[PDB]
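What the coordinates show
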Amino acid sequence: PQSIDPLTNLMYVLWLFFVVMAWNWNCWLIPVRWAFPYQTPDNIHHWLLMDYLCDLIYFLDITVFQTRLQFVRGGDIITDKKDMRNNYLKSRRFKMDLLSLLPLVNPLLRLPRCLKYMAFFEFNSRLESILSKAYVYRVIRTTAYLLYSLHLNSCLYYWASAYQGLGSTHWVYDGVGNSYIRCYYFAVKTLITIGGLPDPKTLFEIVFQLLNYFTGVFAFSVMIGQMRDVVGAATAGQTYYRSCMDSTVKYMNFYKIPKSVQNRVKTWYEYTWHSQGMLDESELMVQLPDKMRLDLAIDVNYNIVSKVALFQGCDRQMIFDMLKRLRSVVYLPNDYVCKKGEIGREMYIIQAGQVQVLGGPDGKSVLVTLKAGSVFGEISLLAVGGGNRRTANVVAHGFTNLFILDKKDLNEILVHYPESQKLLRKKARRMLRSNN
Amino acid sequence: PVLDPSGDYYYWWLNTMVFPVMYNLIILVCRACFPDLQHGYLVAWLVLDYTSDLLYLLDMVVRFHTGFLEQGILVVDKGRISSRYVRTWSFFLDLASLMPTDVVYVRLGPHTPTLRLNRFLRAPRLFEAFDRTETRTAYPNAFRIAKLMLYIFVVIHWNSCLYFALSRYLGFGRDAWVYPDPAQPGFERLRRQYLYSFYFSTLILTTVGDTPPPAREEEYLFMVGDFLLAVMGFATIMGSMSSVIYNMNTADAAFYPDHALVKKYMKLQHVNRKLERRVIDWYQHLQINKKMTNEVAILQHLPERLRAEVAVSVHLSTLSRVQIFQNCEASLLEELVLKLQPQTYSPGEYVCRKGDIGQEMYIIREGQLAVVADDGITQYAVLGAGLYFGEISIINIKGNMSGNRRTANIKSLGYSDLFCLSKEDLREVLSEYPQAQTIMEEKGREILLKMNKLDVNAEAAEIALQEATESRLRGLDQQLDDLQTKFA
Amino acid sequence: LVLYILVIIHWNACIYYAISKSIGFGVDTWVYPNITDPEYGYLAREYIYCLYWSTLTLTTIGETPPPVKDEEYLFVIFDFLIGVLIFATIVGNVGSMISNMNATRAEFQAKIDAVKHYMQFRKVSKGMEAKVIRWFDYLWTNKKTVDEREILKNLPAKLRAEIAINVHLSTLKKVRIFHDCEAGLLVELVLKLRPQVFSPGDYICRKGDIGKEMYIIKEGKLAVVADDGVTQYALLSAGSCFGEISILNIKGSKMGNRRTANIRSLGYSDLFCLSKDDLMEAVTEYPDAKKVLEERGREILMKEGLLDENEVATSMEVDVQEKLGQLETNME
Amino acid sequence: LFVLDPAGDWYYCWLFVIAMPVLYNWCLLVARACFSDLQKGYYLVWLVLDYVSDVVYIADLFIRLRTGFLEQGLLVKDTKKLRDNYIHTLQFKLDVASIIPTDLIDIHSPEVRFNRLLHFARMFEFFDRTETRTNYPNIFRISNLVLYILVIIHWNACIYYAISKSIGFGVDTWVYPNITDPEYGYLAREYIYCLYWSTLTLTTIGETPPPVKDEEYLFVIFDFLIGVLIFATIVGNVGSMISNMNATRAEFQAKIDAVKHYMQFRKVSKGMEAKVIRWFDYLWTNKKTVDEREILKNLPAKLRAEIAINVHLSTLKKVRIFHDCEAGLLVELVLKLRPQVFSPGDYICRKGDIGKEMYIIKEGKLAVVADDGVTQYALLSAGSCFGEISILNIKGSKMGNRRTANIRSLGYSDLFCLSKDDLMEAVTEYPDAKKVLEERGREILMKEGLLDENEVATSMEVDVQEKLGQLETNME
Ligand SMILES: [Ca+2]
Ligand SMILES: [Ca+2]
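Residues numbered from 1 in each chain as written, not as in the entry; some residues may be left out. Chains lettered and ligands numbered in written order. Part of a larger assembly, values for the part shown. Heavy atoms only, no water.

For this deposition, the record names cryo-EM as the technique by which the model was determined and cites 2.87 Å as its resolution.

As structure tokens, then:
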């Protein structure tokens, strides 16, 4: 990649993951080396190799990947190599990366390595943008936070035990068994506030245990709050759907609405929720930018609408206005989309499902079945009030989703386009004269 | 008499009925599980069980003297109340609660608490009192905490009774888990039996632990149930308090919805510090003085009829004092009240300046406005609360020398709250009352003429040109029609 | 949720017994005791104790026996870490349920608190202040807090019409002017009806007040009353309608769309109001029906004696620039 | 004769000055009463701090008498009215009760100074005021909660040591050990251990010796019941604070997820769907999510006008048709401006469609592309305006109301647009402005040479009487 876009480059996301892993290794290994004095030579051989690998990843990130990042400048993206490099070089991220690679055997000699946390935050943002249901990763992140807190608490407890003297009292670490597992046990029992530990005897031990228990109380509160937020964000949609359905059923029970009508309302609620994911889409559409909503409406319906013979020759902006005023209605099976002799005031676009134009000597016999993408009833829009009466029964075959443009909506659109208004009136006269 | 369920007398009875139900729920289980409490104070239980049974019986009397809303009016018919009540399942529970076990009383024992366990069925009467208290209390969050603490104690007190009953069944002093032997120097007393048992359940149910380990299957199974109840009970405590805390924090946020969002936007848009300071000082004034901002949005909570009554009761007294609204109907003035919208001015702010377009009438609810000079240092007059200005501008009276512009500068001294009536808002209201327009215009003439702001000859030229054109246009309407009738 | 806890606790109980078998029964204090010992070796004891150990360890409430070996330390650490995630999930699930059940009351108490702040801020009189407080108690007690229009706004127009037919069509067809109305128009009218609730003693309309709505009584009793409120001429029960002629735009009316009676509510009444504008919108698509409605209203106004007026009176509000437009239009 | 302003900076500086003695008395008085080594060991320290606390206590009485209040929107500076406002309140009773000496009832002992605890209202006022002034609402909130928990824990630690002293030191295993023993005798051990005991009891941990006496059973049960509400308050406050920090992201993420679900359900094309997701990421990253009109509705109407003028009046004045405009109209046009956001490649307008609005470029770069969309006739930067003729109301020219050029957004751009109706609504009050604005549009079309001057006179507006006067020749 000659230039890298931070938002959408999966390679940069993977590289950010590797940088996060290097920073995580440094952040975990500094307390271990500070607290625990002695390690076996076999540990040294692979620990030093991994340390060199992490420093190499830090160097590659500061030199190549961050200088190769394109950026938005005044609304326009910049791909120029020198401008990209200068933008990275004049930045707090560059300052923090250089401070992380600041040179400053000593365990705290590598303590600058913890300053690569901006990469972790950027990786978090990229991940929550890339994957759906990000609360799973939020749970994983909170669990990792708890594990690191317990790791730090175990390192501090070993430091305190070795500083006071190993085996000096019952509170401090005896020196028997793996130092990390027995110190992690103390850390878990204290930061979870389980208890069940030898009592502190000296003043230093009492102060350490008091602060470790107070910190554990707040750590437990943080974990509970994070999980409560995750559960609420997960179940908000089901809660909203259930509350709306309960309110509707309570209303229908108060007004003694019959069981057949209640069953139809319940069936519509269930099907609409399971298919759409929201009860009304206009509530979502009016929150978007106007251009975004117009583009979505165009992409959904423009090819279907522009092929309608009634609106040929009209203004493209007027077609766009109709696209914005189209509304989506779901019909239950065997519902009457049009009834013979009823007022016609709408134009229907079959987004999904089928409708049947019932007719015959007996009646209720299918004459033509219109699949998705069909447009029918468009002539009723040009009629005057009471002008158009439906001439046949149109019945939905299964669950039918239709896009409807009301005559009032078209009349409200047409006041801004006198030329298209005159063209549509002329077409209405021609339709009246030619058919009669 | 017949009580009204929304009345104060019925609410006071519900709070009275809490104590018999709370006594039966707490004491009867304790007397059954602690034989020293039942036998030791047997005289006191005979008095208190009679009082609770008496108040239980009086509850059934009150149930036959409680009205109900049918067709929105309260039913006070004794026969209709009685016929309605016996069909209810509450009547069945009320009968069962006071159902006499005295016939089978003696056979189990001379005095047995388990025989009075049917008194527990009056607990729905206690939940009704708690629901009614929550509705009309001044402190809804403080009552919710206290109701939760009462629920905590009753569960812990019930668990302590079950611990003593199981430890008595297994035998005292068998191991460290059960209640110690009464032969120990302190554990023979009834007070120690409850205090040790309550302390044991408080350790478990509040997730403290610190209890002796069990030794047999009955003690193992009791602990598994208690630990699970302590976990589910603890989560109920956190969830109720976290909901109370969230309700408290949101409530104060509702008074002042956005402060940080405005402050952050003014940093992103590089608003000048002087104007940024004024916004910050404005928001400080709201918090310290607890002023409200969304006055209109609060009134949308009320129904339309009640919202009009609240608005009229606040604004009709000052609206009637307007000179042009003096000759107005009662119905018209109430329609003009609803069109008033609030305006709030910081100190030193200019409500209007000389030479500006004026299409509004401002009514001073509180605060002081000054008619300052062109330079702005000297004040010609001070307009206090209840006064108004700009009533000529909304009239649109022919022949005015005002010129549809503000005559004088009006400056707000201190924080001033005003309600404004625009020229358009009066115009829509006036459409329903055509005769009322003519009186206001006539009143508008007199105010202008007294202060010499209407030249009659200049006004007459406007009127004469209009009426001649009106006469001509009617002739033009004839001229177009006379032409077209003979053209075809 | 409790069943999920029990399955995890039961599973952890079996792993503890399996680990104890692998290490050996009775080798140290942490593992399960010796099976060969008859005090510990029977199925009722070993499952119930292991169930107790698993609950005691996962719930992190009580104190478990301390581990002896590094393999045993890891298993207890794993249980504590697992039990933290379980307990935090329990509190989050139960805490989110409690917020959901309380949400109806919490948002209702905020509305009363917001209104209560306004009345003390604007110095609303105590007679009117207690009237508002009494109104909110009626809404909560009878569960009328949620608006009807907000409840059914998500429903499609076909389903909404089907519900509204079952509520209002029986009473709306009893109206004299809507006697011979078409079936399509009646569906349009019942969708236009708006609920209205009145406190006891409230005035629906007063004599001499402008009337542009027709009310149908869903529930409650209304009384036609004199200028003094107590004396009542007639009683309007549920299913009655009044103000039907106000919504009709008769060309000549001695009434002048002003109410001729005082209507008062004896108690809480639910009214559904059809306005003048809503009737006009409904009959745009039914022009013949509009003519029949006006003719029927004209006949009723003849019987009252309040019809003939404005034979030579007409009102013209066309602008001088708009009237100039027709002169320009006629020339082209 | 100075009078303090409660909204001022000097009044808030006093709130910090008075709250520190109030906080000192709530922390140190109970510790000196229960821990006798603390009072006797540091007696000379407490004599200084007690006198300083007393002096600030009397000074708060004088400040309360000189603190103004808003009556009719104006701060009251009359000394008589300020005295009558304060003296009759309950706080005057509590303030005087804190300062009156207990000389009638040892005067050196901390027990006679416990009336100083009635001055707590200045401490809660300071925390309430600081919460609004502070730049970090969540760091201060967690610090305020810790301070309340620490004081309750410290108070219970002193109560436990006083109960242990009353029962007897070392008489049983529950109470504090024998202070005659040098291991437990010094002050540092007995305060810290009782603090350690109090924290474990009040945070539902336990790990303390069980009670022995019946009085000891009652105290621990009460502490466990109080401590279960303390832990619920800590959890509830941290959980509520966490919800507030993620509230803005969770609302925006729920919007993105709902849009994403709409695109898959409606079979939106992959190119359109990827662009919408890309557009949403730019808005969040660049902090452009919030709506300006939604932000500023909380401000008062006059103060919202000065905020909007400071942003748009400089760029709106640079528009050629509005150069000669009156300052009154320019204000109304500024409120009528509504923002627009576009993505790269978006067409602001195309050739030959009806133009009903003018656009001003707040940010971003726009290109006057050809029909191909890749050949750029001109470049439009921030502050540029296009569509100025279209908003002007004139009868159809040779070109007409339709647009002349295709304007395309090269990158993400923010535009502020003034519509046709919005200009027409605003100019009704200013009839002279209508003539001036039409005159510049008449001259601008003269600059392009579209129509003749008398030919434009047919397109221009005429007076209603002169239009009738023109028709007055026709009727005859
Ligand atoms: Ca605990
Ligand atoms: Ca414990």
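Residues and elements named next belong to chain D. Burial of strand β10 (residues 413-419) is extensive: seven of the seven residues sit out of reach of the surface. Two strands pair when backbone bridges link them, and strand β5 (residues 357-363) and β10 are joined in this way by six bridges, in the antiparallel orientation. Paired with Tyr-359 across the two strands is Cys-417, which belongs to β10. (Buried < 20%, exposed > 50% of the residue type's maximum accessible area, 1.4 Å probe, protein only. Helix = DSSP H or I, 4+ residues; strand = E, 2+ residues; numbered from the N terminus. Pairing = 2+ DSSP bridges.)

Let us now look at the coordination of the calcium ion (ligand 1). All of the protein donors around the calcium ion (ligand 1) are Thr-207 of chain B (O) and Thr-204 of chain D (O); their distances to the metal are 2.4 Å. Separating the calcium ion (ligand 1) from the calcium ion (ligand 2) is a distance of 5.8 Å. Note that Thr-207 of chain B is positioned in the loop between α10 (190-205) and α11 (217-255) and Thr-204 of chain D in the loop between α9 (187-202) and α10 (214-245), a pairing that runs across two chains. Each member of the pair, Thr-207 of chain B as well as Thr-204 of chain D, carries the same accessibility label: buried. (Donors = N, O, S within 2.8 Å, 3.2 Å for Na, K, Ca; no water.)

Note: α-helices contain 3.6 residues per turn, so residues at a spacing of three or four share the same orientation. Between its terminal C-alpha atoms helix α12 (residues 270-285) of chain D stretches 23 Å, which fits the 22 Å expected from 16 residues at 1.5 Å a residue. Taken residue by residue, α12 of chain D has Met-272, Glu-273, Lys-275, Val-276, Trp-279, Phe-280, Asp-281, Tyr-282 and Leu-283 of chain D as its buried positions. (Expected span 1.5 Å × (residues − 1).)

Time to look at the pattern of salt bridges. All names here are of chain B. Considering all chains together, one arrives at 85 salt bridges over all chains under this definition. When the shortest N-O distance is used, the salt bridge between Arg-125 and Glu-128 registers 3.0 Å. Here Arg-125 pairs with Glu-128, and both are found in helix α8 (residues 123-136), just three residues apart, close to one helical turn. Given a relative accessible area of 28%, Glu-128 falls into the partly exposed group. (Salt bridge = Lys/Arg side-chain N within 4 Å of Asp/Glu carboxyl O.)

Right, let's get into the packing of aromatic side chains. All chains considered together, the criterion is met by 106 aromatic pairs over all chains. Summarising the aromatic geometry, the rings of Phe-127 of chain D and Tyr-148 of chain D are spaced 6.0 Å apart at their centres and angled 75° between planes, so their arrangement reads as edge-to-face. Pair noted here: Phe-127 of chain D is in helix α6 (residues 121-133) and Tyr-148 of chain D is in helix α7 (residues 137-167), with a separation of 21 residues, a long-range link. The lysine or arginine in question, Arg-353 of chain B, covers the ring of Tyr-350 of chain B, its NZ or CZ lying 4.1 Å from the ring centre. (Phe/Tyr/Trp six-rings, centres within 6.5 Å; stacked < 30°, edge-to-face > 60°. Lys NZ or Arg CZ within 6 Å of the ring centre and 35° of its normal.)

A word on the environment of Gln-276 of chain A. Checked against the element boundaries, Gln-276 of chain A lands in helix α9 (residues 259-276). Aside from chain neighbours lying at most four places away, what touches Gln-276 of chain A is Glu-281, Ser-328 and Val-330 of chain A together with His-261, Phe-265 and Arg-266 of chain D. (Contact = heavy atoms within 4.5 Å.)

Take the interface of chain B and chain C next. Of the residues lining the interface, 62 residues belong to chain B; the matching set on chain C comes to 67 residues. It is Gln-71, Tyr-220 and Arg-305 of chain B in chain B that bury the most area against chain C; as a group they hold 12% of the surface buried on that side. In this assembly, chain B and chain C are joined by five salt bridges. Across the pair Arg-122 of chain C and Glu-295 of chain B runs a salt bridge, and its minimum N-O distance is 2.8 Å. (Buried area = accessible area lost by both parts, 1.4 Å probe.)

Here we come to a nonpolar patch on the surface. Residues and elements named next belong to chain A. On the surface, a cluster of nonpolar side chains totalling about 560 Å² of accessible area is made up of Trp-34, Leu-108, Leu-111, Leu-156, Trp-159 and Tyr-163. By residue number, the principal contributor to the nonpolar patch is helix α6 (residues 135-164), which donates three residues. If you trace the backbone, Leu-108 turns up in the loop between α4 (92-100) and α5 (118-130). (Patch = residues over 30% accessible without salt bridge, like charges linked within 9 Å, V, L, I, M, F, W, Y side chains within 5 Å. Areas by Shrake-Rupley, 256 points an atom, 1.4 Å probe, with all protein chains shown as cover.)

On to the nonpolar core. In this structure, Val-188 of chain A, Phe-34, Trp-177 and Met-238 of chain B, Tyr-52 of chain C together with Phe-35 and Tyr-160 of chain D are the most contacted members of the largest nonpolar core, which totals 152 residues. When residues no more than four places from it in sequence are discounted, the contact partners of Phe-34 of chain B are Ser-160, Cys-161, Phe-164, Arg-168, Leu-190, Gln-193, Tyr-194 and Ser-197 of chain B. The next biggest cluster of nonpolar side chains, apart from the first, holds 51 residues, and it includes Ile-257 of chain A together with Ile-216, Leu-301 and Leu-307 of chain C. (Core = buried A, V, L, I, M, F, W, Y, C linked by side-chain atoms within 4.5 Å.)

Of note, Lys-133 of chain A is a non-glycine position whose phi angle comes to about 55°, a positive value. Relative to the helices and strands, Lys-133 of chain A resides in the loop between α5 and α6. Located in the positive-phi region is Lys-123 of chain C, a residue other than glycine, with phi close to 55°.

Time to look at the sheet that holds strand β9 (residues 406-409) of chain D. The pairing of strands in a sheet happens through backbone hydrogen bonds and is either parallel or antiparallel. All names here are of chain D. Read across the sheet, four strands follow the order β4-β9-β6-β7 without closing on themselves; strand pairing throughout is antiparallel. At either end of the open sheet lies a strand with only one pairing partner, and these are β4 (347-349) and β7 (376-380). Averaged over neighbouring strand pairs, the angle between their axes works out to 30° when direction is ignored. Examined bridge by bridge, strand β6 (residues 366-369) and β7 share four bridges and lie antiparallel to one another. Residue pairing for β7: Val-368 is matched across the bridge by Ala-378. (Axes fitted to C-alpha atoms, helices over the stretch in contact; angles between N-to-C directions.)

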